[PDB]
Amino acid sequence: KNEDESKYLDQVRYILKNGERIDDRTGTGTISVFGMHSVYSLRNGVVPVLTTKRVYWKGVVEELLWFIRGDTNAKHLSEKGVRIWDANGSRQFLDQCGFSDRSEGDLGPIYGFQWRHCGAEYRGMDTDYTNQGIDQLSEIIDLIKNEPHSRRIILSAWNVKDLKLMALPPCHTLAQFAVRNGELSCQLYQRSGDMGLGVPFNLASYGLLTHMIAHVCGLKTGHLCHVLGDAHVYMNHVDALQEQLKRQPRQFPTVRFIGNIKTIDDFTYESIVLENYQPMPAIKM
C-alpha cells in the first residue's frame, strides 16, 4: 500500500547500485546521484514520515516552530532538547568559520531569518528584527489565500548576499507552493540530501509545513514533489541503509491540529497531533 516510501527505498537502491563514489568537501566518501525526483501524497492528513526507520519527529516539529519564529539561536532549540544545530553554533565551529565576534548558539541569517526577515541586515541572534526585511512566509500565505493560482509562490533560504554569514548554506534551498482542486501542493528543491539522516527529516519537515499552511488557509493538501541535486549515501552508512532496504514500509502517519490555530505563528508543539506513527527502530549510522 505505502508505494510512496517504496519509492524512497528504490532511490536508495538506485544510488547504491549506480551512484558515483566521490569524496565530499570534508574528504568523506559518498555514493552520489545528481538529479533525483519523487512525489509523496499529502492527501487525507498524510505526512511522509518514513516507517522503515524512526524519524526524529520531536526534532522536526521544534525545528519548524523555531524557523517560523525567525529564530537563529541554536540554544533556543537545544533548550527543548533538540541538539541538531548545536555543533554549528559551538564556540569551536564559530571560530573555525571566522565568526569569532558571535555569541555561542548564533547560526547567522539561516532559514528562520530568511523566512521572516529576508534582506534585513543581520546583526546577531539577540537583535530584535520585528518588521525588518521581507516576511516571505506571510507573503506566500497571502498569495495562497488571495491568488491561489499564482506561479510566483516561493519560499527561499538561498540568499546569495547572506551565504557567507550562515553556519551552513541551506540544503533545503527553496520550496514552491501551488493550489489545485482546493489542494495545496509543495515542490521542495533540495541541493544536497544524505539519504540516511537528512532526507527523511527534511521530507517530514516540508510535509508538516505544507499541512500547517493548508490548515491556516482553509485548504486540503495535495502532494509534495521532492527534487534532489546531490542525492548521496555516506560510505559509513551503506550497511545501515542495506539493513533498511530489507524492511517493508508501513502506512504513513497522519497529522491533525488542535486549538484555535488562525495564523502560522499560533502553532505550538501541543497543537500538532501525529497519528499512527509506529516505525521500525532507528538505525545506527
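Quick note: we count residues from 1 along the sequence shown, nothing fancier.
Remark: stretch with higher mean C-alpha B factor among 92-100 and 162-170 is 92-100. As the entry records it, the average C-alpha temperature factor is higher for 80-88, out of 80-88 and 151-159. The entry assigns its greatest Cα B factor, within the set 30, 41, 242, 254, to 242. For the set 36, 65, 258, 225, the PDB entry assigns the largest Cα B-factor to 258.
In the PDB entry, residue 211 places in the lowest third of its chain by CA B-factor. Among the modelled residues of the chain, residue 124 sits in the highest third by CA temperature factor in this PDB entry. Remark: residue 198 belongs to the lowest third of its chain, ranked by C-alpha B-factor as recorded.
In the PDB entry, a CA B factor belonging to the highest third of its chain's modelled residues is recorded for residue 218. Sorting the modelled residues of the chain by their CA temperature factor places residue 58 in the lowest third.
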